[PDB]
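The figures that follow rest on heavy atoms only: side chains count, while hydrogens, waters and symmetry mates do not. Within every chain, numbering begins at 1; the chains are lettered A, B, ... in the order of the sequence lines, protein sequences first and strands thereafter.
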Amino acid sequence: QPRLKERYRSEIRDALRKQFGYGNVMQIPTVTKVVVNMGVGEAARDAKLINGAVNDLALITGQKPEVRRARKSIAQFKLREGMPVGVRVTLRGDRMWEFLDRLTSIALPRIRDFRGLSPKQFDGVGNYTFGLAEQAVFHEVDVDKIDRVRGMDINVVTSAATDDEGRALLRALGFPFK
Amino acid sequence: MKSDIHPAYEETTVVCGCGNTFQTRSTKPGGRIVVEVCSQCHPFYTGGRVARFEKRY
Amino acid sequence: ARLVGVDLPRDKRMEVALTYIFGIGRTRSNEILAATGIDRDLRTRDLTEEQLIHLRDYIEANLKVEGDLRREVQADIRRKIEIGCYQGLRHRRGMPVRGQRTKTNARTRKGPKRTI
Amino acid sequence: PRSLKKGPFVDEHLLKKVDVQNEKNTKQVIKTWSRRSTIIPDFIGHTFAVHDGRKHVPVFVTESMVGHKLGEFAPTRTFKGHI
RNA sequence: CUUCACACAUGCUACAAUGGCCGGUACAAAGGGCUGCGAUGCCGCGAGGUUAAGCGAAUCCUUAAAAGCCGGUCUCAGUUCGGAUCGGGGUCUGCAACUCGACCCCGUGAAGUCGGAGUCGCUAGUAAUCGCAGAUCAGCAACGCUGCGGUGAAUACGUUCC
Ligand SMILES: [Mg+2]
Ligand SMILES: [Mg+2]
Ligand SMILES: [Mg+2]
Ligand SMILES: [Mg+2]
Ligand SMILES: [Mg+2]
Ligand SMILES: [Mg+2]
Ligand SMILES: [Mg+2]
Ligand SMILES: [Mg+2]
Ligand SMILES: [Zn+2]
């Protein structure tokens with residue numbers, strides 16, 4: 001039983017009926033998935049992402065990722081169709097709540113010269129997306145046993161209908177805004 | 001496919017230098033992830049030319 | 001061992017290893033190792049977690065390091081340009097600001113030879 | 001005069017052109033030849049006409065140029081390029 | 001007179017381990033000084049500030065010579081090599097340091113890993129390296145010039161060739 005999930009349905013779940021006037025308890029927003037991908041564009045050359053971009057997201061998120069292939073060829077990017085260019089992991093259920101705790105508690109203040117996250121990064125429906133620096137911040141990968149550094153970007157997908165309905169939800173979970 | 005391809009993800013205790021500690025589930029072997037900065041001992045979680053001419057004179 | 005966000009290189013003496021922080025050179029690293037009692041001739045692999053707390057707070061109360069120092073250097077350059085002083089016009093063109101000679105030298109503010 | 005023992009340096013004929021216009025609250029343009037005079041926090045809002053060799057360039061002290069000399073804002077040399 | 005798409009010339013500092021840094025400790029010569037030289041004492045991390053002894057000088061000040069020696073550390077790295085550029089804060093002289101001074105402290109840490117065709121000096125206290133002093137001078141762009149001493153080499157068969 002992860003601590004962020006039980007803290008959600010103890011006081012976060014009740015507080016959103018006061019900030020927003022819902023008439024039914026099924027309308028209360030809830031984060032449904034957290035999607036993480038590297039997006040390794042330097043894999044159209046050198047063919048080394050199995051050792052470096054799969055062995056680290058397995059350690060960060062818990063489960064092995066999916067290798068994503070290119071949909072169309074681009075001549076300017078030195079790319080084909082069906083070429084491994086992206087590496088995605090999807091987090092559901094109870095491993096989502098443990099990743100959102102472990103991101104906001106011990107990970108996210110290890111960004112070099114960290115000052116916050118911006119609250120204008122909503123897509124219009126209530127789904128936040130930020131990005132990170134490198135194979136730093138997460139302790140589960142070590143800095144000594146790795147290849148070249150590479151960053152990622154993290155989606156957070158809610159059931160909220162609008163923007164600030166998802167801003168009030170992630171402020172309560174523990175995303176630092178400004 | 002949720003069998004013997006995923007890495008080891010067992011329960012884990014994390015301590016901090018401040019004294020805050022909690023228990024989650026991570027991939028670190030031994031359950032001994034130790035941080036030096038956390039969500040309570042970090043800043044931002046807890047907080048002209050005219051004035052320099054006067055300071056010279 | 002991470003100190004302020006700099007990730008000190010292992011097997012290096014603490015007299016010199018702190019100079020890899022952007023903001024600390026040789027004389028300021030002599031007083032980090034004076035107000036915290038850590039001797040100069042100690043390798044950084046033997047750096048104790050009890051020791052590393054003592055010098056992650058003397059710096060944040062008395063020094064100015066990465067991020068909020070590098071944003072003071074580039075902001076003082078930014079002050080000179082839009083007020084239109086002589087050094088601000090001299091920064092916009094890549095020519096030396098401190099009265100240097102521009103006839104046969106200043107190959108540092110400029111690049112290598114263009115050879116017209 | 002550059003040392004923190006004898007204060008800043010303004011030419012005395014320039015002080016009695018701005019002290020006689022701070023009291024009666026007017027912002028007339030001051031024609032001057034004193035490039036060497038240090039800007040002080042009584043020039044805020046004024047303008048000047050500093051001589052650079054050939055003409056008088058208008059310079060308007062706003063707030064953020066109060067430590068520099070007055071002749072830094074009037075370039076004495078002209079260079080557009082060799083080609 | 002100090003500009004700057006460039007080009008040549010004379011130098012200086014480097015590219016390191018026959019070295020860098022830190023601590024200790026020996027050895028000079030020739031010069032300069034009343035609109036001056038500032039011993040000592042205190043203050044300052046330092047440039048220097050202040051007090052003022054002595055002295056027209058084989059008397060007093062300049063005056064700590066540096067390489068060298070002894071010990072410790074660094075262990076071949078664009079570095080504890082290199083110190084360019086730039087940011088901040090200062091001292092001094094001078095009516096005045098913006099164009100356009102030198103010095104100091106802190107931070108910053110560029111090129112450079114011994115240099116193509118070609119080319120330069122030197123036959124002995126010489127070359128190579130290390131300091132110090134003078135003249136002009138309020139200060140100084142002094143790495144220049146005129147001097148001074150310390151440590152101290154390698155070769156010259158020979159006149160075929162330039
Ligand atoms: Mg001339
Ligand atoms: Mg050095
Ligand atoms: Mg003293
Ligand atoms: Mg020795
Ligand atoms: Mg290089
Ligand atoms: Mg080398
Ligand atoms: Mg001869
Ligand atoms: Mg002189
Ligand atoms: Zn803590």
Base, sugar-phosphate, or nothing: which does [X] touch, judged by heavy atoms less than 4.0 Å apart?
X: C:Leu63; result: nothing
X: C:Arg40; result: nothing
X: B:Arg56; result: sugar-phosphate
X: C:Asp41; result: nothing

Salt bridge between [X] and [Y], side-chain N to carboxylate O under 4.0 Å?
X: C:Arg79; Y: C:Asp76; value: yes
X: D:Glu72; Y: C:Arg90; value: no
X: A:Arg68; Y: A:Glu66; value: yes
X: D:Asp11; Y: D:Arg36; value: yes
X: A:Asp113; Y: C:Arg70; value: no
X: C:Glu82; Y: C:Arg78; value: yes
X: C:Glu31; Y: C:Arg28; value: yes
X: B:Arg25; Y: A:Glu98; value: yes

Where does [N] land, syn or anti, given syn is within 90° of 0?
N: E:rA142; result: syn
N: E:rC42; result: anti
N: E:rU40; result: syn

Of the options [options], whose atoms approach the side-chain atoms of [X] most closely?
X: C:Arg26; options: E:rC95, E:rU80, E:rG109; answer: E:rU80
X: D:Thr76; options: E:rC4, E:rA110, E:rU99; answer: E:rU99
X: D:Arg77; options: E:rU85, E:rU2, E:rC98; answer: E:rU2
X: C:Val16; options: E:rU80, E:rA97, E:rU2; answer: E:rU80
X: C:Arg13; options: E:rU85, E:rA5, E:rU73; answer: E:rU73
X: D:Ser3; options: E:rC92, E:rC6, E:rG87; answer: E:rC92
X: C:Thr104; options: E:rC8, E:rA96, E:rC4; answer: E:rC8
X: C:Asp11; options: E:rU75, E:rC106, E:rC4; answer: E:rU75
X: C:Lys110; options: E:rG87, E:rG107, E:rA5; answer: E:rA5
X: C:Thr102; options: E:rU3, E:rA5, E:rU80; answer: E:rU3

If the [atom1] atom of [N] is compared with that of [M], how far apart are they to the nearest Å?
N: E:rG32; M: E:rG11; atom1: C1'; value: 28 Å
N: E:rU40; M: E:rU62; atom1: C1'; value: 16 Å
N: E:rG82; M: E:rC15; atom1: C1'; value: 7 Å

Only pairs with both distances under 3.5 Å count, Watson-Crick or wobble alike; so what is the partner of [N] in this structure?
N: E:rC27; answer: none
N: E:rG78; answer: none
N: E:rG71; answer: E:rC22

Do [N] and [M] pair up in this structure? I mean Watson-Crick (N1 to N3 plus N6-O4 or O6-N4) or G-U wobble, both distances under 3.5 Å.
N: E:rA128; M: E:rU40; value: no
N: E:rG131; M: E:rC37; value: no
N: E:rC148; M: E:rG44; value: no

Residue-phosphate contact under 4.0 Å: [X] side-chain N/O, [N] OP1/OP2:
X: D:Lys69; N: E:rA97; value: yes
X: C:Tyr20; N: E:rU80; value: yes
X: C:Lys113; N: E:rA7; value: yes
X: C:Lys80; N: E:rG87; value: yes
X: C:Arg43; N: E:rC74; value: yes
X: C:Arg107; N: E:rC6; value: yes

Taking donor-acceptor contacts at under 3.5 Å, does the side chain of [X] reach the base of [N]?
X: D:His68; N: E:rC98; result: no
X: D:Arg2; N: E:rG101; result: no
X: D:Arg35; N: E:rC98; result: yes
X: C:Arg28; N: E:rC105; result: no

- D:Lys5 NZ to E:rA96 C1', in whole Å, measures 17 Å

